[PDB]
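The data below hold one chain only, encoded as structure tokens and taken in the form deposited in one PDB entry.
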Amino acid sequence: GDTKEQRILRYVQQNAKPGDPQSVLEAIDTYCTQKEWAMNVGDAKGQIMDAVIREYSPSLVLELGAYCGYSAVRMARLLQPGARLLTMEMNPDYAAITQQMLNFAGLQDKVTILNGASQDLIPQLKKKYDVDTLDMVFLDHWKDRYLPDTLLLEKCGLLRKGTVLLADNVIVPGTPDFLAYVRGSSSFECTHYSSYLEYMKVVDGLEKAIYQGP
């Protein structure tokens, strides 16, 4: 008390413009470069995310892991009018920071926070949250959950031909089982985007895995 996440939110509120997502991203990146490192996707990998979002213009995006809402703000600002982001966050303190971050950025109408474990929420998406299929999934939660949640998404019928999975941290901390699985599966077309760990001179990367159907 206070936490790093509360300090990041306060910094944004006092160093960005309300309703200006770009200024929010810049404020978070400045804080995390100059004051305290935090596990936001960051600008380096964020620019790759931007390129992917702009290519596919997804109407419905699922994010696994919100943290402080950096990637939610990053993706939501590039969504077309009426397009929507659902973000799953198990940590209630993170969920509170993310909501306030979205509110400040003026993106609250485009993004909905789902509270709970992804393994509990994913099976509820169709009946409770009126989802048919997902256009894109951003994986950025517990690294050992990338593979089981991907398999659960398929089981629940939430993936379609062309659904884009984009996974953060496939190098550091790394997601070896997920990476081996999607790269070895005929149901995925994979591309690796080499980059750097947020705010650090350390190699990381994103994996894009496009679902091909069964």
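From 1 onward, residues are counted along the sequence shown. Note that the rigid core is defined as the largest set of C-alphas that superpose within 1.5 Å between two forms.
Missing here is the form deposited in another entry; even so, the following discussion is about that form.
With the core held fixed between this form and the one not shown, residue 43 has its Cα displaced by at least 2 Å. The Cα position of residue 190 differs by less than 2 Å between this form and the one not shown after fitting on the rigid core. Residue displacement note: residue 11 has its CA displaced by under 2 Å between this form and the one not shown (rigid core superposed). Whereas the shown form places them at one spacing, the Cα atoms of residue 203 and residue 9 lie at least 3 Å closer in the other entry.
In comparison with the shown form, the Cα-Cα distance of residue 26 and residue 41 decreases by at least 3 angstroms in the other entry.
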